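> Quick one, fold the following:
(2 chains, ligands or ions: 10)
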Amino acid sequence: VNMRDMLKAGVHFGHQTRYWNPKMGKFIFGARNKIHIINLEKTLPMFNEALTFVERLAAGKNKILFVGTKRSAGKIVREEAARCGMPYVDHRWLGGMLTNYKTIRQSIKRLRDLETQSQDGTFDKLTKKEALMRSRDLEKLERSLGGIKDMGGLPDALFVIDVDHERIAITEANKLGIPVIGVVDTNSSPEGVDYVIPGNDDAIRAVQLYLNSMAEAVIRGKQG
RNA sequence: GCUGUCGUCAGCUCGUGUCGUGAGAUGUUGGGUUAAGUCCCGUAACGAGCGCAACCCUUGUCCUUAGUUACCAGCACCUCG
Ligand SMILES: [Mg+2]
Ligand SMILES: [Mg+2]
Ligand SMILES: [Mg+2]
Ligand SMILES: [Mg+2]
Ligand SMILES: [Mg+2]
Ligand SMILES: [Mg+2]
Ligand SMILES: [Mg+2]
Ligand SMILES: [Mg+2]
Ligand SMILES: [Mg+2]
Ligand SMILES: [Mg+2]
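Numbers count the residues shown, from 1 in each chain, chains lettered A, B, ... in the order given. Ligands and ions are numbered 1, 2, ... in the order given. I have put the structure below:
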C-alpha cells in the first residue's frame, strides 16, 4: 500500500545475520549494519496477491482463522480479528485444535454450558469458594478457547503472524490440507505456507498494519 | 468364595491426537507448594477413569424439642433420705 508507509513503520527489518535461514535468500535485499534487510520491492506484489486471494475467498461464507499469540501481540489481534467474524486465537496455541477437533468440541460445549450458567442470573448463588472456583475455571477456558466458540466446522483458510513461533499450527494445517497465509521473517522457514508474505515481526506497527489490511480486505471481499 | 502382605504407600491406566520402521514414548516431563498425580503457571497434547480428598461413625462448643424409672435451683412438708 503506497510503499513509503510500511517503509516508515517497521517492515524493512530482519532478525540480525547470525540467526538467519538461507531458504529465503531470494527475499533479502542485502544485509547492512549487521542486520538483514528484506527486499521491500518484492514483498508488496505477493502481499497484494494474498490480499486479493483472501478477499475473493471470503465471499461464500468462508471463515479464516487467525493466530497471533506472542509477547504483547495477541492483544491487538483480539480486536482486529473481532468484528467481520474471523475466529481467532490469542493465547498459547494448544496443539490439537485441528487434527483433534473432535476432542475440542467437548471443551467448547462445556465452556458454553459454564458461561450460560454464569450469565443465566448468577446460578452460582452458593458458597463463595465454589463460585470463585467456577469463575476462574470459566475465565481460563475463555482465555484458551475464546475465538473458537463459533465455527463448528473446520476453517478453510488460516493466517499466521510469525510462522516460526507457531510451527505446530502450520504442521496441523498441512496435515489437514488447508491453505495458510503467513508473515515470514528472515530467520523463519518459507515452506509449508501457501501464500507467503516476507515481512517483519516484533514491530507493533507492522502487525497492526497487516491486521488492518486483511480486516478491511475481508470486509470489502464479503460484500456479496 | 473368603483372607494376609507390599501398604493406607500415592500411585495405576484408557480414548482421540502426535512422534518413532518398530518394541514403545508423550500426556503422567519443568519450576514451586502440599499428607496427597493436592493445587498454580508453563507445556503436542486435549480429555476421562480407578485411586487422594469429600459424603459415614464417635468426641470436643452452643440452640430448640422432652422430662420417666432421670435431675433438684426455688417454695413447702420434713421422720432430715
Ligand atoms: Mg507412525
Ligand atoms: Mg524411551
Ligand atoms: Mg514409560
Ligand atoms: Mg520411560
Ligand atoms: Mg500409550
Ligand atoms: Mg497414547
Ligand atoms: Mg506413572
Ligand atoms: Mg509414560
Ligand atoms: Mg487426582
Ligand atoms: Mg478417602
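> can you tell me how far residue A:49 sits from RNA strand B?
Here the criterion is Cβ to the nearest atom of the strand, to the nearest Å. By it, residue A:49 lies 29 Å from RNA strand B. (C-beta placed from N, C-alpha, C; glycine too.)
> doesn't residue A:197 make contact with that residue?
No. Counting by Cβ atoms under 8 Å, residue A:49 sits too far from residue A:197 to count as a contact (9.1 Å).
> out of the two, which sits in the more crowded spot?
residue A:197 (22 against 13; other Cβ atoms under 10 Å).
> Alongside RNA strand B, which residues does chain A contribute?
Neighbours of RNA strand B within chain A, by Cβ under 7 Å from any atom of the strand: A:91-92, A:94-96, A:99-100, A:102-104, A:106-107, A:136, A:140, A:144, A:168, A:171-172, A:175.
> Filter these down to the buried ones.
A:91, A:104, A:144, A:172 (16 or more other Cβ atoms under 10 Å).
> Make CSV from the residues you listed and add secondary structure to it.
What follows is these, written out as CSV (DSSP: H, G, I helix; E, B strand; the rest coil):
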residue, secondary structure
A:91, coil
A:104, helix
A:144, helix
A:172, helix
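> Format those residues as JSON lines; extra columns: distance to residue A:153.
Putting these into JSON lines (distance: Cβ to Cβ, whole Å) gives the following:
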{"residue": "A:91", "distance to residue A:153": "22"}
{"residue": "A:104", "distance to residue A:153": "12"}
{"residue": "A:144", "distance to residue A:153": "20"}
{"residue": "A:172", "distance to residue A:153": "15"}
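> Pick out whichever of those sits closest to residue A:83.
For these, the closest approach to residue A:83 (Cβ to Cβ) belongs to residue A:91, at 19.8 Å.
> For chain A, which segments are assigned as strands?
A:64-67, A:88-89, A:157-160, A:180-184, A:195-198 (DSSP state E).
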